[PDB]
Amino acid sequence: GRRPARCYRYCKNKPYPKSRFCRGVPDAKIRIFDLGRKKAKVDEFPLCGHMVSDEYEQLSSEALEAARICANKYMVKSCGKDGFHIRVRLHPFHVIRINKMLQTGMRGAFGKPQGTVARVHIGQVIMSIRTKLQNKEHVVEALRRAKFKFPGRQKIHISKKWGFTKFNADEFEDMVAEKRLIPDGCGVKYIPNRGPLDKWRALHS
Amino acid sequence: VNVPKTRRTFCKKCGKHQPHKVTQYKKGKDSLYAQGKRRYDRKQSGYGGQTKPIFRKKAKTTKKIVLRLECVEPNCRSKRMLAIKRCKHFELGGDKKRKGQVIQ
Amino acid sequence: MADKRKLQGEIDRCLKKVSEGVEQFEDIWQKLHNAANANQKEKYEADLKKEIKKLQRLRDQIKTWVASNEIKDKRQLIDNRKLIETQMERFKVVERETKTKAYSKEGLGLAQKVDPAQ
Amino acid sequence: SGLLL
RNA sequence: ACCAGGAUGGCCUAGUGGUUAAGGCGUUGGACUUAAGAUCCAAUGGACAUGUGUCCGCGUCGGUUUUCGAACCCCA
RNA sequence: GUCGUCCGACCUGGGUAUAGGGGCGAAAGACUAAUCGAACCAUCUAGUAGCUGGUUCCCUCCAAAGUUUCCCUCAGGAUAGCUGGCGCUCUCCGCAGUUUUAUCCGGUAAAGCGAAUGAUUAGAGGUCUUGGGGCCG
RNA sequence: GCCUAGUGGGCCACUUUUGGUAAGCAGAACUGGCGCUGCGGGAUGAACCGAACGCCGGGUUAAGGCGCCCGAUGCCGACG
RNA sequence: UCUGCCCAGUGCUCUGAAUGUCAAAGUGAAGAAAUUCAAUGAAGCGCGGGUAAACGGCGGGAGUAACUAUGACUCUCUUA
RNA sequence: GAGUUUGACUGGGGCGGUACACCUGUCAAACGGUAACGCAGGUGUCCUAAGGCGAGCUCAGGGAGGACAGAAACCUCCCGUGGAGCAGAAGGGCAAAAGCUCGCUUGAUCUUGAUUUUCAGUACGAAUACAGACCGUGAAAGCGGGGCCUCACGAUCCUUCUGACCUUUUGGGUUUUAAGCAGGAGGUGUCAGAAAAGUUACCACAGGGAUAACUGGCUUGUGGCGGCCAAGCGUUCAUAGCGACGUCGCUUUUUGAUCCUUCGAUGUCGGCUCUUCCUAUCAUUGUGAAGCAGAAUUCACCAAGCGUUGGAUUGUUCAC
Ligand SMILES: [Mg+2]
Ligand SMILES: [Mg+2]
Ligand SMILES: [Mg+2]
Ligand SMILES: [Mg+2]
Ligand SMILES: [Mg+2]
Ligand SMILES: [Mg+2]
Ligand SMILES: [Mg+2]
Ligand SMILES: [Mg+2]
Ligand SMILES: [Mg+2]
Ligand SMILES: [Mg+2]
Ligand SMILES: [Mg+2]
Ligand SMILES: [Mg+2]
Ligand SMILES: [Mg+2]
Ligand SMILES: [Mg+2]
Ligand SMILES: [Mg+2]
Ligand SMILES: [Mg+2]
Ligand SMILES: [Mg+2]
Ligand SMILES: [Mg+2]
Ligand SMILES: [Mg+2]
Ligand SMILES: [Mg+2]
Ligand SMILES: [Mg+2]
Ligand SMILES: [Mg+2]
Ligand SMILES: [Mg+2]
Ligand SMILES: [Mg+2]
Ligand SMILES: [Mg+2]
Ligand SMILES: [Mg+2]
Ligand SMILES: [Mg+2]
Ligand SMILES: [Mg+2]
Ligand SMILES: [Mg+2]
Ligand SMILES: [Mg+2]
Ligand SMILES: [Mg+2]
Ligand SMILES: [Mg+2]
Ligand SMILES: [Mg+2]
Ligand SMILES: [Mg+2]
Ligand SMILES: [Zn+2]
């Protein structure tokens, strides 16, 4: 069917997204990028752990679905059915090709679109899970199990931030208290001291 | 394309823009006593077969349009020709096109 | 080349076949114009079906050759396709005038039948 | 005889 | 695989240049007959295989899909 | 050795007839003096070959190209480039595969998508700007 | 400034780079090499490292080495 | 013992002033003439028959019988 | 019956295709240049205006209204950086415009030179500034010698046509003719430009390992074999034996890919015979583990010492 991932592990080609120049691309195996309680608030799941890549390599969409199934199954087993939120932070955009050979040889050997594969850098987050603080070993074992679906070396890093936000978990709560972050669904909205004063009055009423 | 049958343009005999009548240029009849024709006939007479190339590999679908512009002044009446770009369909003085009209 | 001279031979054969096609079409045309009984009307009707359908396959090969970029002068093909269309539209007029029933929706909507000399 | 053809 | 095509009422086929949806069989309703076929008087129906582009407007033209058939796949 | 035929479209000697794009063929392109899908001899002829092979003493000095364009061009030429030789005109200001000081040029790496285009994940906040519905009319 | 031979099959490597699953694969850029060139070193070796060559003596080096082959630690070498 | 069907095609053959094309020679006219124009107009092509023990060729898709199959049957497209 | 021809490129050649003449975006590594049968596309046309000038407007789309009128007919207001249009492919460019609507037109005319582009610094094509006429248009400044730019095309020989009170028509003169000079066309798309169908298993020559059909070498997609993770199977029970979704490898007993060696020749399938080697072990020795009670069978380890047969069919390897 499809080749093993060692054929397309390395980022050898230029990026090749599906567009008006690449047509006849099959849909990615991964479709859902968020699992668990998507509707959980920002103060309910403070602890965030990342699976961070350590190589400039290419992760297949099949692997990105296998790892999210593995991590999802362990988190529904360990944290219960809804006690977590998984965000896969790679979307497979780079199309990989195939020159199928049943004879022409390398004449006209430009591939048809075989599959979709995401590109990850050294230090880029592959998977993130936010959850309560007591589920830390469950997060670490979930990413450690989901590691085996992926080629190359991944680290597990408990982030300094508060869930799926760009703000640090220590400064987070009192800067919510000072009305610098208004919680808005999954994350927060930053309120700077720069808008019209009617927004400040509406926030400080 | 469509060109009209009258054009007011330069005349080398008049040294001046004058009205011209416009006709399509027709390839004239080959005279038997042009020098190349006489040489061709006496080279083709006798034995030997065909002595000049016969062009077959025809690739153009279109001939360049040539207009015989003839000055209308009776003293001058001078003819010259103006070559326009290639076109499959050519019309001389057909109809000025109209804008914003109903199609039928 | 032999490929071009091949293509030209099938053009001349097809245009010949269209030539006798239109001639036999106008033959059965004037026989139906002179037809006496009803059964004669439906038989030369059926013969006009046969000839115009033969002619429609011939126009289909002509239009494929007109779409081709291997032919440089297409005035014979365009005139033959026009002649085929002329016969097709005349046949369409005849099949309308014969297949419309006297008291169908078309007849009860507009009877007409001007019959020029009358 | 004949070789590889 | 490459080239060339083909997808339209229930079945079998028409159909352009671009405006008209055509025909046969079938189905349906009424006549004829004791009744049924045959015959006579009529009626309906079309994912125009899909979406996109051109155009005022496409079943029709032009590129991409989805099912099909035809030809070729040679020298060792 | 084993075999086909061995009274007949049989075998055979001598004589004779047909000659090379011709003969002759119960037909295999067979035979035509060990030669046949066009015999042999001499000449035209030292035929032509963008293709293989070879190309004869020493020392000294300089020292490449496989690139551009055109060609029925792709195992070859022409053309420019590189090279050598012959010099010559001056020198005994000029120039540089280099930097600096000035000054323009660029849209690649990176970055961006709370910026245009395109792709795309998730919640949130709103109302009628429409719709799909339960329930009260 | 003139005349001008040979050439007009190239190949390899750092970095950039296209097709290909990849290839001692096919195709480009930059520069350097090999071809055209020996020498020291990489046991061996077209291209790697050092370095380019008249015939010799002394000295010294580069890159490599210094148990023995095999010149050089046969240092009472250092720390693991 | 039989040797079916097809003359649409390609061949072969028959017919010819009723004839589209039709060279040379001949004929009419214009001009100074070379020359030009025209009328005529052979065979053959075209046109019309005949020939397959001439070369050769000789279909597709549906529905259909008291289980189911099958399809004698019907419908349609289609050719020489 | 004779003579001749029967393109080229090309991951061998043929089939296919045109990368053969051109154009856009990319490749292309921020001057320029830059390759492949690299990628996504286009061209051989179209236009009496869609050329030229002047004037007036402003487009796509959205909101809100208004008889029939509705989603969509038309009238009106507002917002509207262009999200429209400019003949087409794409890119660039463009808002009192380069778009749309009118008005007038024919610079889409004649004639030298210079330049850019491809470039050899040659032509063609295309283009750019000028200059000399003669015009158009506007009040004028100006603008225009085709199309907003980047593409839309063609030598010699021949033919044809146009030009001049033109030259020659060879002893002189006149007239027809004919040949010249200059400028267009008729065209070579294999697009710097022969006039051209096949077959050869009856074949021939010069060559080529620049180039295919074996082995060998690089590679391992595919084939084969083996891991890791563990959702599930196994009455239960992840892991006795397995094992999905994924992922890492090995090997050259499969087919490919490539074309490095050999075309002044390395004898091309099978089988028979005979020797040796490997282990990914079917059996036998010694063992461990089973959902191993015995028997039988699995899984695994040291292990290649010794064995692994007789036949029907098929040329078979394979198969049964
Ligand atoms: Mg690549
Ligand atoms: Mg003669
Ligand atoms: Mg005999
Ligand atoms: Mg034979
Ligand atoms: Mg050659
Ligand atoms: Mg050679
Ligand atoms: Mg660029
Ligand atoms: Mg980047
Ligand atoms: Mg290479
Ligand atoms: Mg090579
Ligand atoms: Mg050499
Ligand atoms: Mg050198
Ligand atoms: Mg050296
Ligand atoms: Mg070594
Ligand atoms: Mg170095
Ligand atoms: Mg020394
Ligand atoms: Mg040593
Ligand atoms: Mg018979
Ligand atoms: Mg016949
Ligand atoms: Mg036959
Ligand atoms: Mg070739
Ligand atoms: Mg650069
Ligand atoms: Mg204006
Ligand atoms: Mg001027
Ligand atoms: Mg314009
Ligand atoms: Mg010539
Ligand atoms: Mg044979
Ligand atoms: Mg080789
Ligand atoms: Mg494999
Ligand atoms: Mg279970
Ligand atoms: Mg040898
Ligand atoms: Mg030998
Ligand atoms: Mg041997
Ligand atoms: Mg073992
Ligand atoms: Zn005049």
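Reading the values: the criteria
- Residues numbered from 1 in each chain as written, not as in the entry; some residues may be left out.
- Chains lettered and ligands numbered in written order.
- Part of a larger assembly, values for the part shown.
- Heavy atoms only, no water.
- Residues with missing side-chain atoms left out of burial classes, pairs and counts.
- UniProt positions renumbered as here; feature names shortened; annotations may be inferred.
- Helix = DSSP H or I, 4+ residues; strand = E, 2+ residues; numbered from the N terminus.
- Near = heavy atom within 4 Å.
- Polar contact = N/O pair within 3.5 Å; in protein donor to acceptor, adjacent residues only side chain to side chain.
- Nonpolar A, V, L, I, M, F, W, Y, C, P; charged D, E, K, R; others polar.
- Buried < 20%, exposed > 50% of the residue type's maximum accessible area, 1.4 Å probe, protein only.
- Pairing = 2+ DSSP bridges.
- 1 Å grid on protein atoms, 1.4 Å probe; cavity = no way out; pocket = protein on both sides within 12 Å on 5 of 7 lines; lining within 4 Å.
- Points joined across faces, edges and corners; volume = space filled by probe spheres on them.
- Salt bridge = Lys/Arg side-chain N within 4 Å of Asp/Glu carboxyl O.

In the PDB header, cryo-EM is given as the technique by which the entry was determined, and 3.1 Å as its resolution.

The name given to chain C in the PDB entry is CCR4-NOT transcription complex subunit 3, with Homo sapiens as the source organism. In its PDB record the entry is named "Cryo-EM structure of stalled rabbit 80S ribosomes in complex with human CCR4-NOT and CNOT4".

The name recorded for chain B in the PDB entry is Ribosomal protein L36a like, from Oryctolagus cuniculus. Database annotation for chain B, UniProt heading Sequence similarities: "Belongs to the eukaryotic ribosomal protein eL42 family."

Undergrad: Help me understand unusual backbone geometry, please; the structure alone is not making it clear to me.
TA: Peptide bonds are, in most cases, trans, and in most cases residues other than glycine have a negative phi. The phi dihedral of A:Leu102 falls on the positive side, at around 50 degrees, and the residue is not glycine. Position of A:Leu102 among the secondary structure elements: in the loop between strand 5 (94-98) and strand 6 (112-120).

Undergrad: What is the right way to read the protein's contact with RNA strand H from this model?
TA: With respect to spatial proximity, the complete set of residues near RNA strand H consists of B:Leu32, B:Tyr33, C:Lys16, C:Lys53, C:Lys54 and C:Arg57. The sugar and phosphate moieties of RNA strand H supply 100% of its atoms located within 4 Å of the protein. Here C:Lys16 contributes a side-chain N or O atom positioned 3.2 Å from a phosphate oxygen of RNA strand H. In the model, a phosphate oxygen of RNA strand H is placed 3.2 Å from a nitrogen or oxygen of the C:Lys54 side chain. Ranked by residues supplied to the surface near RNA strand H, first place goes to helix 2 (residues 38-67) of chain C with three residues. Its residues assigned to classes, the surface near RNA strand H comprises two nonpolar, no polar and four charged.

Undergrad: How do you make sense of the pairing of strand 5 of chain A when you look at a structure like this?
TA: Across a regular strand the side chains alternate sides, sitting on one face of the sheet and then on the other. Residues and elements named next belong to chain A. Buried residues dominate strand 5, accounting for four of its five residues. Pairing geometry for strand 5 and strand 6, over five bridges, is antiparallel. By the bridge assignment for strand 6, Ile-98 is matched with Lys-112.

Undergrad: Looking at this model, I keep getting lost on the layout of surface pockets. Mind explaining?
TA: Over the atoms rolls a probe the size of a water molecule, and its path tells where empty space is left. Space inside the largest pocket adds up to approximately 1,500 Å³. Lining of the largest pocket is provided by 36 residues; of these, B:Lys58, B:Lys60, B:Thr61, C:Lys72 and C:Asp73 occupy positions nearest its centre. When residues of the lining of the largest pocket are traced back to their parent elements, those giving at least two are strand 4 (64-71) of chain B together with helix 1 (2-33) and helix 3 (75-99) of chain C. Top contributing element to the lining of the largest pocket by residue count: helix 1 of chain C, with seven residues. Looking at the lining of the largest pocket, its residues break down into eleven nonpolar, seven polar and 18 charged.

Undergrad: How do you make sense of the protein's contact with RNA strand G when you look at a structure like this?
TA: All names here are of chain A. In the vicinity of RNA strand G, the residues found are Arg-3, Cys-7, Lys-12, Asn-13, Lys-14, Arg-97, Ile-98, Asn-99, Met-106, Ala-109, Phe-110 and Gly-111. Put simply, 79% of the atoms of RNA strand G that lie within 4 Å of the protein are in sugar or phosphate. Note that a phosphate oxygen of RNA strand G is positioned 2.5 Å from one of the side-chain N or O atoms of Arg-3. With respect to RNA strand G, the side chain of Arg-97 contributes an N or O atom lying 2.7 Å from a phosphate oxygen. The residue inventory of the surface near RNA strand G, partitioned by class, reads five nonpolar, three polar and four charged.

Undergrad: Teacher, can you tell me more about the pattern of salt bridges here?
TA: Should the charged atoms of two oppositely charged side chains come close, the side chains can pair. Scanning the entire structure with this criterion turns up 16 salt bridges over all chains. Residues A:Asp198 and A:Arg201 are paired through a salt bridge, measuring 3.6 Å at the closest nitrogen-oxygen approach. Taken together, the positions of A:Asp198 and A:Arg201, both in helix 4 (residues 197-203) and three residues apart, correspond to about one turn of that helix. The shortest N-O distance in the salt bridge between B:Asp41 and B:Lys37 comes to 4.0 Å. Separated by four residues within a single helix, B:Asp41 and B:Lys37 lie in helix 1 (residues 35-44), roughly one turn from each other. Each of the salt bridges in this network shares a partner with another, and the network as a whole consists of A:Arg9, A:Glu55 and A:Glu57.

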